[PDB]
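Trainee: For reference, this is start_11.pdb, and it has PDB, C-alpha atoms.
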```
ATOM      1  CA  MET A   1    -209.122-199.560 126.705  1.00  0.00           C
ATOM      2  CA  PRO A   2    -208.495-203.019 128.220  1.00  0.00           C
ATOM      3  CA  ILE A   3    -207.672-202.863 131.929  1.00  0.00           C
ATOM      4  CA  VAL A   4    -207.366-205.544 134.609  1.00  0.00           C
ATOM      5  CA  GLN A   5    -207.630-205.305 138.396  1.00  0.00           C
ATOM      6  CA  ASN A   6    -205.630-207.803 140.453  1.00  0.00           C
ATOM      7  CA  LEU A   7    -207.630-209.383 143.275  1.00  0.00           C
ATOM      8  CA  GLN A   8    -204.875-208.247 145.638  1.00  0.00           C
ATOM      9  CA  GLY A   9    -205.690-204.673 144.669  1.00  0.00           C
ATOM     10  CA  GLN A  10    -203.034-204.075 142.023  1.00  0.00           C
ATOM     11  CA  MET A  11    -204.477-202.158 139.071  1.00  0.00           C
ATOM     12  CA  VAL A  12    -202.763-203.190 135.837  1.00  0.00           C
ATOM     13  CA  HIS A  13    -203.621-202.515 132.193  1.00  0.00           C
ATOM     14  CA  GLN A  14    -203.833-205.215 129.522  1.00  0.00           C
ATOM     15  CA  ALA A  15    -201.187-205.442 126.800  1.00  0.00           C
ATOM     16  CA  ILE A  16    -202.439-204.283 123.401  1.00  0.00           C
ATOM     17  CA  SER A  17    -202.860-206.762 120.547  1.00  0.00           C
ATOM     18  CA  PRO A  18    -201.899-206.511 116.852  1.00  0.00           C
ATOM     19  CA  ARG A  19    -205.555-206.996 115.922  1.00  0.00           C
ATOM     20  CA  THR A  20    -206.556-203.501 117.045  1.00  0.00           C
ATOM     21  CA  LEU A  21    -203.458-201.833 115.602  1.00  0.00           C
ATOM     22  CA  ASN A  22    -203.537-203.740 112.311  1.00  0.00           C
ATOM     23  CA  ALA A  23    -207.267-203.123 111.884  1.00  0.00           C
ATOM     24  CA  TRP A  24    -206.905-199.398 112.564  1.00  0.00           C
ATOM     25  CA  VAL A  25    -204.232-199.276 109.860  1.00  0.00           C
ATOM     26  CA  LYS A  26    -206.290-201.451 107.516  1.00  0.00           C
ATOM     27  CA  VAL A  27    -209.044-198.828 107.452  1.00  0.00           C
ATOM     28  CA  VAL A  28    -206.895-195.695 107.267  1.00  0.00           C
ATOM     29  CA  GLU A  29    -204.946-197.412 104.489  1.00  0.00           C
ATOM     30  CA  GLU A  30    -208.106-198.806 102.896  1.00  0.00           C
ATOM     31  CA  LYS A  31    -209.371-195.330 102.008  1.00  0.00           C
ATOM     32  CA  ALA A  32    -207.695-192.480 103.888  1.00  0.00           C
ATOM     33  CA  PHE A  33    -209.576-190.873 106.776  1.00  0.00           C
ATOM     34  CA  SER A  34    -212.986-189.791 108.071  1.00  0.00           C
ATOM     35  CA  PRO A  35    -214.903-188.141 110.943  1.00  0.00           C
ATOM     36  CA  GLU A  36    -215.472-191.637 112.330  1.00  0.00           C
ATOM     37  CA  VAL A  37    -211.775-192.311 112.923  1.00  0.00           C
ATOM     38  CA  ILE A  38    -211.460-189.339 115.273  1.00  0.00           C
ATOM     39  CA  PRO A  39    -213.974-190.669 117.834  1.00  0.00           C
ATOM     40  CA  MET A  40    -212.992-194.278 117.141  1.00  0.00           C
ATOM     41  CA  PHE A  41    -209.406-193.603 118.218  1.00  0.00           C
ATOM     42  CA  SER A  42    -210.407-191.655 121.329  1.00  0.00           C
ATOM     43  CA  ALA A  43    -212.972-194.334 122.170  1.00  0.00           C
ATOM     44  CA  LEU A  44    -210.467-197.155 121.687  1.00  0.00           C
ATOM     45  CA  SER A  45    -207.733-195.334 123.606  1.00  0.00           C
ATOM     46  CA  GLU A  46    -210.132-193.748 126.094  1.00  0.00           C
ATOM     47  CA  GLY A  47    -208.105-193.512 129.291  1.00  0.00           C
ATOM     48  CA  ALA A  48    -205.820-196.131 127.766  1.00  0.00           C
ATOM     49  CA  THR A  49    -202.103-196.414 128.519  1.00  0.00           C
ATOM     50  CA  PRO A  50    -199.406-193.916 127.457  1.00  0.00           C
ATOM     51  CA  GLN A  51    -197.491-196.615 125.582  1.00  0.00           C
ATOM     52  CA  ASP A  52    -200.434-198.190 123.759  1.00  0.00           C
ATOM     53  CA  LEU A  53    -201.458-194.775 122.432  1.00  0.00           C
ATOM     54  CA  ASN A  54    -197.885-194.118 121.306  1.00  0.00           C
ATOM     55  CA  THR A  55    -197.839-197.296 119.215  1.00  0.00           C
ATOM     56  CA  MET A  56    -201.304-196.713 117.759  1.00  0.00           C
ATOM     57  CA  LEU A  57    -200.395-193.133 116.850  1.00  0.00           C
ATOM     58  CA  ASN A  58    -197.089-194.351 115.415  1.00  0.00           C
ATOM     59  CA  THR A  59    -198.771-196.955 113.211  1.00  0.00           C
ATOM     60  CA  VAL A  60    -200.963-194.328 111.547  1.00  0.00           C
ATOM     61  CA  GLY A  61    -199.429-195.356 108.237  1.00  0.00           C
ATOM     62  CA  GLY A  62    -196.788-192.681 107.796  1.00  0.00           C
ATOM     63  CA  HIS A  63    -198.167-189.155 108.087  1.00  0.00           C
ATOM     64  CA  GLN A  64    -195.013-187.161 108.827  1.00  0.00           C
ATOM     65  CA  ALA A  65    -197.134-184.013 108.586  1.00  0.00           C
ATOM     66  CA  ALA A  66    -199.523-185.334 111.235  1.00  0.00           C
ATOM     67  CA  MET A  67    -196.638-186.462 113.442  1.00  0.00           C
ATOM     68  CA  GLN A  68    -194.885-183.086 113.384  1.00  0.00           C
ATOM     69  CA  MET A  69    -198.154-181.194 113.828  1.00  0.00           C
ATOM     70  CA  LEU A  70    -199.249-183.431 116.704  1.00  0.00           C
ATOM     71  CA  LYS A  71    -195.936-183.291 118.567  1.00  0.00           C
ATOM     72  CA  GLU A  72    -195.811-179.530 118.010  1.00  0.00           C
ATOM     73  CA  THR A  73    -199.364-179.075 119.289  1.00  0.00           C
ATOM     74  CA  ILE A  74    -198.574-181.122 122.393  1.00  0.00           C
ATOM     75  CA  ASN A  75    -195.329-179.294 123.166  1.00  0.00           C
ATOM     76  CA  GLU A  76    -196.928-175.880 122.662  1.00  0.00           C
ATOM     77  CA  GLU A  77    -200.039-176.915 124.592  1.00  0.00           C
ATOM     78  CA  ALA A  78    -197.958-178.046 127.568  1.00  0.00           C
ATOM     79  CA  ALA A  79    -195.646-175.029 127.442  1.00  0.00           C
ATOM     80  CA  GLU A  80    -198.491-172.504 127.425  1.00  0.00           C
ATOM     81  CA  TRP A  81    -200.542-174.498 129.931  1.00  0.00           C
ATOM     82  CA  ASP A  82    -197.591-174.455 132.330  1.00  0.00           C
ATOM     83  CA  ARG A  83    -197.012-170.755 131.671  1.00  0.00           C
ATOM     84  CA  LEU A  84    -200.505-169.754 132.796  1.00  0.00           C
ATOM     85  CA  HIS A  85    -200.953-172.485 135.408  1.00  0.00           C
ATOM     86  CA  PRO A  86    -197.525-173.191 136.958  1.00  0.00           C
ATOM     87  CA  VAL A  87    -199.266-175.194 139.684  1.00  0.00           C
ATOM     88  CA  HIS A  88    -202.374-177.310 140.259  1.00  0.00           C
ATOM     89  CA  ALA A  89    -204.808-177.768 143.145  1.00  0.00           C
ATOM     90  CA  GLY A  90    -203.010-180.396 145.202  1.00  0.00           C
ATOM     91  CA  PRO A  91    -199.418-179.788 146.350  1.00  0.00           C
ATOM     92  CA  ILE A  92    -196.923-182.515 147.243  1.00  0.00           C
ATOM     93  CA  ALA A  93    -194.442-183.164 150.051  1.00  0.00           C
ATOM     94  CA  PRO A  94    -190.619-183.179 149.862  1.00  0.00           C
ATOM     95  CA  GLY A  95    -189.406-186.616 148.820  1.00  0.00           C
ATOM     96  CA  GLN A  96    -192.716-187.799 147.391  1.00  0.00           C
ATOM     97  CA  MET A  97    -194.168-187.851 143.876  1.00  0.00           C
ATOM     98  CA  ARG A  98    -193.504-184.855 141.628  1.00  0.00           C
ATOM     99  CA  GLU A  99    -195.665-182.642 139.413  1.00  0.00           C
ATOM    100  CA  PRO A 100    -196.717-183.272 135.787  1.00  0.00           C
ATOM    101  CA  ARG A 101    -194.928-181.813 132.764  1.00  0.00           C
ATOM    102  CA  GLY A 102    -195.081-181.810 128.975  1.00  0.00           C
ATOM    103  CA  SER A 103    -191.862-183.821 129.082  1.00  0.00           C
ATOM    104  CA  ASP A 104    -193.321-186.553 131.289  1.00  0.00           C
ATOM    105  CA  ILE A 105    -196.669-186.454 129.488  1.00  0.00           C
ATOM    106  CA  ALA A 106    -195.170-186.658 125.999  1.00  0.00           C
ATOM    107  CA  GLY A 107    -194.330-190.257 126.848  1.00  0.00           C
ATOM    108  CA  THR A 108    -190.660-189.835 125.973  1.00  0.00           C
ATOM    109  CA  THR A 109    -188.736-189.961 129.251  1.00  0.00           C
ATOM    110  CA  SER A 110    -191.787-191.162 131.178  1.00  0.00           C
ATOM    111  CA  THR A 111    -192.221-194.827 132.095  1.00  0.00           C
ATOM    112  CA  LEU A 112    -195.350-196.989 132.182  1.00  0.00           C
ATOM    113  CA  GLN A 113    -194.808-197.839 135.850  1.00  0.00           C
ATOM    114  CA  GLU A 114    -194.391-194.147 136.664  1.00  0.00           C
ATOM    115  CA  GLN A 115    -197.344-192.951 134.586  1.00  0.00           C
ATOM    116  CA  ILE A 116    -199.661-195.493 136.210  1.00  0.00           C
ATOM    117  CA  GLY A 117    -198.234-194.951 139.680  1.00  0.00           C
ATOM    118  CA  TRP A 118    -199.003-191.257 139.271  1.00  0.00           C
ATOM    119  CA  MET A 119    -202.542-191.432 137.889  1.00  0.00           C
ATOM    120  CA  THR A 120    -203.209-194.079 140.538  1.00  0.00           C
ATOM    121  CA  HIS A 121    -201.725-191.919 143.294  1.00  0.00           C
ATOM    122  CA  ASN A 122    -203.054-188.618 144.639  1.00  0.00           C
ATOM    123  CA  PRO A 123    -203.582-185.983 143.821  1.00  0.00           C
ATOM    124  CA  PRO A 124    -205.738-187.051 140.845  1.00  0.00           C
ATOM    125  CA  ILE A 125    -203.455-186.111 137.952  1.00  0.00           C
ATOM    126  CA  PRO A 126    -204.567-188.081 134.866  1.00  0.00           C
ATOM    127  CA  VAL A 127    -201.877-188.081 132.178  1.00  0.00           C
ATOM    128  CA  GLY A 128    -204.127-189.806 129.661  1.00  0.00           C
ATOM    129  CA  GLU A 129    -206.904-187.219 129.721  1.00  0.00           C
ATOM    130  CA  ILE A 130    -204.416-184.583 128.570  1.00  0.00           C
ATOM    131  CA  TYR A 131    -202.647-186.907 126.135  1.00  0.00           C
ATOM    132  CA  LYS A 132    -205.871-187.938 124.400  1.00  0.00           C
ATOM    133  CA  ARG A 133    -207.231-184.388 124.548  1.00  0.00           C
ATOM    134  CA  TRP A 134    -204.244-182.842 122.771  1.00  0.00           C
ATOM    135  CA  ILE A 135    -203.655-185.859 120.532  1.00  0.00           C
ATOM    136  CA  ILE A 136    -207.300-185.789 119.454  1.00  0.00           C
ATOM    137  CA  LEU A 137    -207.319-182.019 118.951  1.00  0.00           C
ATOM    138  CA  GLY A 138    -204.376-182.087 116.561  1.00  0.00           C
ATOM    139  CA  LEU A 139    -205.619-185.206 114.789  1.00  0.00           C
ATOM    140  CA  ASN A 140    -208.947-183.480 114.139  1.00  0.00           C
ATOM    141  CA  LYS A 141    -207.231-180.420 112.668  1.00  0.00           C
ATOM    142  CA  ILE A 142    -204.730-182.428 110.626  1.00  0.00           C
ATOM    143  CA  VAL A 143    -207.511-184.623 109.241  1.00  0.00           C
ATOM    144  CA  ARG A 144    -209.746-181.663 108.402  1.00  0.00           C
ATOM    145  CA  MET A 145    -206.815-180.153 106.503  1.00  0.00           C
ATOM    146  CA  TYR A 146    -207.304-182.718 103.738  1.00  0.00           C
ATOM    147  CA  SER A 147    -210.926-183.519 104.577  1.00  0.00           C
ATOM    148  CA  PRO A 148    -214.337-181.900 103.948  1.00  0.00           C
ATOM    149  CA  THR A 149    -214.818-181.792 107.719  1.00  0.00           C
ATOM    150  CA  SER A 150    -213.208-178.349 107.559  1.00  0.00           C
ATOM    151  CA  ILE A 151    -216.631-176.997 106.606  1.00  0.00           C
ATOM    152  CA  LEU A 152    -217.947-178.201 109.965  1.00  0.00           C
ATOM    153  CA  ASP A 153    -215.735-175.523 111.514  1.00  0.00           C
ATOM    154  CA  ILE A 154    -217.905-172.868 109.870  1.00  0.00           C
ATOM    155  CA  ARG A 155    -220.783-172.499 112.329  1.00  0.00           C
ATOM    156  CA  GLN A 156    -222.988-169.567 113.335  1.00  0.00           C
ATOM    157  CA  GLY A 157    -221.937-167.692 116.458  1.00  0.00           C
ATOM    158  CA  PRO A 158    -222.493-164.498 118.478  1.00  0.00           C
ATOM    159  CA  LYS A 159    -218.962-163.438 117.544  1.00  0.00           C
ATOM    160  CA  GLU A 160    -220.260-162.460 114.105  1.00  0.00           C
ATOM    161  CA  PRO A 161    -223.554-161.713 112.306  1.00  0.00           C
ATOM    162  CA  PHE A 162    -225.497-164.298 110.303  1.00  0.00           C
ATOM    163  CA  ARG A 163    -224.520-162.541 107.075  1.00  0.00           C
ATOM    164  CA  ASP A 164    -220.897-163.083 108.103  1.00  0.00           C
ATOM    165  CA  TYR A 165    -221.071-166.760 109.058  1.00  0.00           C
ATOM    166  CA  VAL A 166    -223.016-167.558 105.888  1.00  0.00           C
ATOM    167  CA  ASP A 167    -220.456-165.663 103.811  1.00  0.00           C
ATOM    168  CA  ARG A 168    -217.541-167.860 104.885  1.00  0.00           C
ATOM    169  CA  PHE A 169    -219.918-170.829 104.805  1.00  0.00           C
ATOM    170  CA  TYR A 170    -220.475-171.203 101.062  1.00  0.00           C
ATOM    171  CA  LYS A 171    -217.112-169.503 100.547  1.00  0.00           C
ATOM    172  CA  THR A 172    -215.132-172.346 102.116  1.00  0.00           C
ATOM    173  CA  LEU A 173    -217.337-174.902 100.363  1.00  0.00           C
ATOM    174  CA  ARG A 174    -216.927-173.361  96.910  1.00  0.00           C
ATOM    175  CA  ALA A 175    -213.258-172.736  97.694  1.00  0.00           C
ATOM    176  CA  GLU A 176    -212.669-176.235  96.324  1.00  0.00           C
ATOM    177  CA  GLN A 177    -215.659-177.861  94.627  1.00  0.00           C
ATOM    178  CA  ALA A 178    -219.245-176.767  95.263  1.00  0.00           C
ATOM    179  CA  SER A 179    -221.125-176.324  91.985  1.00  0.00           C
ATOM    180  CA  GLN A 180    -223.361-179.220  90.948  1.00  0.00           C
ATOM    181  CA  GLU A 181    -226.683-179.747  92.724  1.00  0.00           C
ATOM    182  CA  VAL A 182    -225.944-178.449  96.222  1.00  0.00           C
ATOM    183  CA  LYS A 183    -227.418-175.020  95.500  1.00  0.00           C
ATOM    184  CA  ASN A 184    -230.691-176.869  94.916  1.00  0.00           C
ATOM    185  CA  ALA A 185    -231.374-177.637  98.578  1.00  0.00           C
ATOM    186  CA  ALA A 186    -228.408-179.520 100.036  1.00  0.00           C
ATOM    187  CA  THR A 187    -226.857-176.104 100.664  1.00  0.00           C
ATOM    188  CA  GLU A 188    -230.102-174.390 101.658  1.00  0.00           C
ATOM    189  CA  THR A 189    -230.632-176.977 104.395  1.00  0.00           C
ATOM    190  CA  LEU A 190    -227.011-176.922 105.556  1.00  0.00           C
ATOM    191  CA  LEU A 191    -226.939-173.145 105.997  1.00  0.00           C
ATOM    192  CA  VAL A 192    -230.432-172.979 107.495  1.00  0.00           C
ATOM    193  CA  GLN A 193    -229.479-175.839 109.814  1.00  0.00           C
ATOM    194  CA  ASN A 194    -226.209-174.447 111.172  1.00  0.00           C
ATOM    195  CA  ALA A 195    -227.877-171.031 111.053  1.00  0.00           C
ATOM    196  CA  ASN A 196    -228.717-169.239 114.302  1.00  0.00           C
ATOM    197  CA  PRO A 197    -231.788-170.354 116.296  1.00  0.00           C
ATOM    198  CA  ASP A 198    -233.567-167.015 115.904  1.00  0.00           C
ATOM    199  CA  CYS A 199    -233.483-167.073 112.101  1.00  0.00           C
ATOM    200  CA  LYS A 200    -234.211-170.806 112.055  1.00  0.00           C
ATOM    201  CA  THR A 201    -237.510-170.268 113.870  1.00  0.00           C
ATOM    202  CA  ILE A 202    -238.460-167.737 111.196  1.00  0.00           C
ATOM    203  CA  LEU A 203    -237.334-170.057 108.401  1.00  0.00           C
ATOM    204  CA  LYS A 204    -239.524-172.986 109.449  1.00  0.00           C
ATOM    205  CA  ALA A 205    -242.326-170.516 110.165  1.00  0.00           C
ATOM    206  CA  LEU A 206    -241.893-168.809 106.793  1.00  0.00           C
ATOM    207  CA  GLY A 207    -242.581-172.006 104.874  1.00  0.00           C
ATOM    208  CA  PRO A 208    -240.810-174.356 102.437  1.00  0.00           C
ATOM    209  CA  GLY A 209    -239.277-173.311  99.130  1.00  0.00           C
ATOM    210  CA  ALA A 210    -238.128-170.169 100.925  1.00  0.00           C
ATOM    211  CA  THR A 211    -235.744-168.115  98.790  1.00  0.00           C
ATOM    212  CA  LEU A 212    -232.420-166.843 100.132  1.00  0.00           C
ATOM    213  CA  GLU A 213    -233.785-163.334  99.599  1.00  0.00           C
ATOM    214  CA  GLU A 214    -236.853-164.048 101.732  1.00  0.00           C
ATOM    215  CA  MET A 215    -235.095-165.948 104.519  1.00  0.00           C
ATOM    216  CA  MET A 216    -232.299-163.371 104.623  1.00  0.00           C
ATOM    217  CA  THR A 217    -234.801-160.507 104.739  1.00  0.00           C
ATOM    218  CA  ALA A 218    -236.580-162.193 107.646  1.00  0.00           C
ATOM    219  CA  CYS A 219    -233.362-162.765 109.591  1.00  0.00           C
ATOM    220  CA  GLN A 220    -232.310-159.120 109.325  1.00  0.00           C
ATOM    221  CA  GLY A 221    -235.905-157.935 109.552  1.00  0.00           C
ATOM    222  CA  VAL A 222    -236.447-159.913 112.747  1.00  0.00           C
ATOM    223  CA  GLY A 223    -237.662-157.762 115.623  1.00  0.00           C
ATOM    224  CA  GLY A 224    -236.856-154.188 114.674  1.00  0.00           C
ATOM    225  CA  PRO A 225    -233.225-153.037 114.383  1.00  0.00           C
ATOM    226  CA  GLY A 226    -232.351-156.520 113.164  1.00  0.00           C
ATOM    227  CA  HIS A 227    -229.753-156.791 115.919  1.00  0.00           C
ATOM    228  CA  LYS A 228    -228.310-160.311 115.952  1.00  0.00           C
ATOM    229  CA  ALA A 229    -228.478-162.510 119.050  1.00  0.00           C
ATOM    230  CA  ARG A 230    -226.590-161.386 122.155  1.00  0.00           C
ATOM    231  CA  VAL A 231    -223.133-162.679 123.080  1.00  0.00           C
ATOM    232  CA  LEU A 232    -222.153-165.269 125.686  1.00  0.00           C
TER     233      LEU A 232
END
```
If you took the structure in this file and wrote it as C-alpha cells, what would it be?
Mentor:
Amino acid sequence: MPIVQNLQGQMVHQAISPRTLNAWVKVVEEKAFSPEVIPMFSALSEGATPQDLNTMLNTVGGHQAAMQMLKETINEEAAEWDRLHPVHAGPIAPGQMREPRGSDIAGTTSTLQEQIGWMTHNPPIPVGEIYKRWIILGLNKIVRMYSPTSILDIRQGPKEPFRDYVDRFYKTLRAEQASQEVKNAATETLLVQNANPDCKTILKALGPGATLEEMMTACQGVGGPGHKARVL
C-alpha cells in the first residue's frame, strides 16, 4: 500500500506497478491458490486505493466464478448493511459531501479523487476498509470452495456439542479424500486441537495414545451431567 504525503499537506497515493500485479498472477497461475494468498492480498492492498484493488482483483487470472461471487457478495453486503443501518454516526450539511453507498464503494461510478477526498474528509468514512473486508470475505469463501481450507471452517463451538462438531469434522474431510494415514494421528491431533478447551484439558491430562473411545468418554463424562460448555 504505497502512499505519499506532499510537503504542502496534500496526501496522494503512489501509482501501482506491473511488478506487484504480474507477480501476484505469476503465483496464482504457477499453482492455483492457497491460504497465504488471502492475507497477502489484504496485506498488499491494506488501505490501498479503490482503483489499484480493482486492477489487482481483475488480474486474478480469469475466475469468472470468483468475479460473480465477489460482486454479488459486495452488492448484497451493501444492500443489507444499508437496510439495517440507513445512517451512520456523523451527519452532513446541505451542499457538502454526501453519504457512502454500495454504488460509490463498488468503484464503478466512483472516482479516485472523490474516494480519497471522502476518506480524507470528515466524518471518518473509509471506503477501503469495507472494500477489502467484503472483497477478502468472498475471496476466502471462493478459494475454500476448491481448497482444503474448507475444513478450517469446521471448528468447535458453543452452538453445538463436541460430538456434533467432530461429526462434521471428519465428515467433511472424508467427503473427498481422507483415508490413508491421517487416522493414525494426523486426525487425532487435528480434532483434539480444534476440540473444545474443556475436553482438551482432559485429553492432555489423560495421556498419550488416548483412544477415541477414552477421550470421548472423558469429554462426555466431564463433571457430572456431561453438559457442554456454556454459550457466549
Trainee: Would you write out, as CSV, a table of all residues in region 99-210 of chain A that have an atom no more than 12 Å from an atom of region 4-22 of chain A, listing for each the closest atom pair and the distance in Å to one decimal, considering all atoms listed in the file and ordering rows by chain and rising residue number?
Mentor:
```
residue,atom,partner,partner_atom,distance
A:112,CA,A:13,CA,9.9
A:113,CA,A:12,CA,9.6
A:115,CA,A:12,CA,11.7
A:116,CA,A:12,CA,8.3
A:117,CA,A:11,CA,9.6
A:119,CA,A:11,CA,11.0
A:120,CA,A:11,CA,8.3
A:121,CA,A:11,CA,11.4
```
Trainee: Grab the residues selected above and save them as a PDB file, in the frame of the given file with C-alpha atoms.
Mentor:
```pdb
ATOM      1  CA  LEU A 112    -195.350-196.989 132.182  1.00  0.00           C
ATOM      2  CA  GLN A 113    -194.808-197.839 135.850  1.00  0.00           C
ATOM      3  CA  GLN A 115    -197.344-192.951 134.586  1.00  0.00           C
ATOM      4  CA  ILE A 116    -199.661-195.493 136.210  1.00  0.00           C
ATOM      5  CA  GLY A 117    -198.234-194.951 139.680  1.00  0.00           C
ATOM      6  CA  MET A 119    -202.542-191.432 137.889  1.00  0.00           C
ATOM      7  CA  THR A 120    -203.209-194.079 140.538  1.00  0.00           C
ATOM      8  CA  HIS A 121    -201.725-191.919 143.294  1.00  0.00           C
TER       9      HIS A 121
END
```
Trainee: Taking the file as shown, what set of residues would the PyMOL selection byres ((chain A and resi 37-50) around 9) give back, as a ChimeraX atom specification?
Mentor: /A:1-3,13,20,24,27-28,33-36,51-54,56,105-107,110-112,115-116,126-129,131-133,135-136,139-140,143
Trainee: For a quick check of your reading of the model, name the residues lying within 8 Å of the coordinate (-238.9, -163.8, 109.2), counting only C-alpha atoms, and write them as a PDB file with C-alpha atoms, keeping the file's coordinate frame.
Mentor:
```pdb
ATOM      1  CA  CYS A 199    -233.483-167.073 112.101  1.00  0.00           C
ATOM      2  CA  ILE A 202    -238.460-167.737 111.196  1.00  0.00           C
ATOM      3  CA  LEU A 203    -237.334-170.057 108.401  1.00  0.00           C
ATOM      4  CA  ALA A 205    -242.326-170.516 110.165  1.00  0.00           C
ATOM      5  CA  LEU A 206    -241.893-168.809 106.793  1.00  0.00           C
ATOM      6  CA  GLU A 214    -236.853-164.048 101.732  1.00  0.00           C
ATOM      7  CA  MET A 215    -235.095-165.948 104.519  1.00  0.00           C
ATOM      8  CA  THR A 217    -234.801-160.507 104.739  1.00  0.00           C
ATOM      9  CA  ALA A 218    -236.580-162.193 107.646  1.00  0.00           C
ATOM     10  CA  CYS A 219    -233.362-162.765 109.591  1.00  0.00           C
ATOM     11  CA  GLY A 221    -235.905-157.935 109.552  1.00  0.00           C
ATOM     12  CA  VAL A 222    -236.447-159.913 112.747  1.00  0.00           C
TER      13      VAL A 222
END
```
Trainee: In Å to one decimal, how far is CA of residue 195 (chain A) from CA of residue 145 (chain A)?
Mentor: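 Going from CA of residue 145 (chain A) over to CA of residue 195 (chain A), I get 23.4 Å.
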Trainee: State, in Å with one decimal place, the distance from CA of residue 184 (chain A) to CA of residue 160 (chain A).
Mentor: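 Separating CA of residue 184 (chain A) from CA of residue 160 (chain A) is a distance of 26.2 Å.
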Trainee: Which residues, written as a ChimeraX atom specification, have at least one atom at most 8 Å from region 227-230 of chain A, with only C-alpha atoms counted and residues fewer than 4 positions away on the same chain left out?
Mentor: /A:158,161-162,198,220,223
Trainee: Take the residues just selected and output them with C-alpha atoms as a PDB file, in the frame of the given file.
Mentor:
```
ATOM      1  CA  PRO A 158    -222.493-164.498 118.478  1.00  0.00           C
ATOM      2  CA  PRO A 161    -223.554-161.713 112.306  1.00  0.00           C
ATOM      3  CA  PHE A 162    -225.497-164.298 110.303  1.00  0.00           C
ATOM      4  CA  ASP A 198    -233.567-167.015 115.904  1.00  0.00           C
ATOM      5  CA  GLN A 220    -232.310-159.120 109.325  1.00  0.00           C
ATOM      6  CA  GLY A 223    -237.662-157.762 115.623  1.00  0.00           C
TER       7      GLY A 223
END
```
Trainee: With 5 Å on each side, where is the centre of the axis-aligned box around all listed atoms of region 18-29 of chain A, and how long are its edges in Å to one decimal, as JSON?
Mentor:
```
{"center_x": -205.5, "center_y": -201.3, "center_z": 110.8, "size_x": 17.1, "size_y": 21.3, "size_z": 22.6}
```
Trainee: Quick one, how far is CA of residue 118 (chain A) from CA of residue 91 (chain A)?
Mentor: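 Calculated distance between CA of residue 118 (chain A) and CA of residue 91 (chain A) is 13.5 Å.
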Trainee: Out of A:177, A:193, A:123, A:87, which residue has the shortest atom-to-atom distance to residue 154 (chain A) when counting all atoms listed in the file?
Mentor: A:193
Trainee: With a distance cut-off of 12 Å and all atoms listed in the file, select the neighbouring residues of residue 79 (chain A), excluding the residue or stretch itself and same-chain residues fewer than 5 positions from it, and output the selection as a PyMOL selection string.
Mentor: chain A and resi 72-74+84-86+100-103+105-106
Trainee: Near residue 70 (chain A), within 10 Å and counting all atoms listed in the file, which residues show up once chain neighbours fewer than 4 positions away are dropped, as a VMD selection string?
Mentor: chain A and resid 57 64 to 66 74 to 76 134 to 139 141 to 142
Trainee: Pull out every residue that the PyMOL selection byres ((chain A and resi 169) around 8) matches in the shown coordinates and put them as a PyMOL selection string.
Mentor: chain A and resi 151+154-155+165-168+170-173+191
Trainee: Choose the residue, out of A:130, A:32, A:178, A:210, that has the smallest atom-to-atom separation from residue 78 (chain A); count only C-alpha atoms.
Mentor: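 Between A:130, A:32, A:178, A:210, the residue approaching residue 78 (chain A) most closely is A:130.
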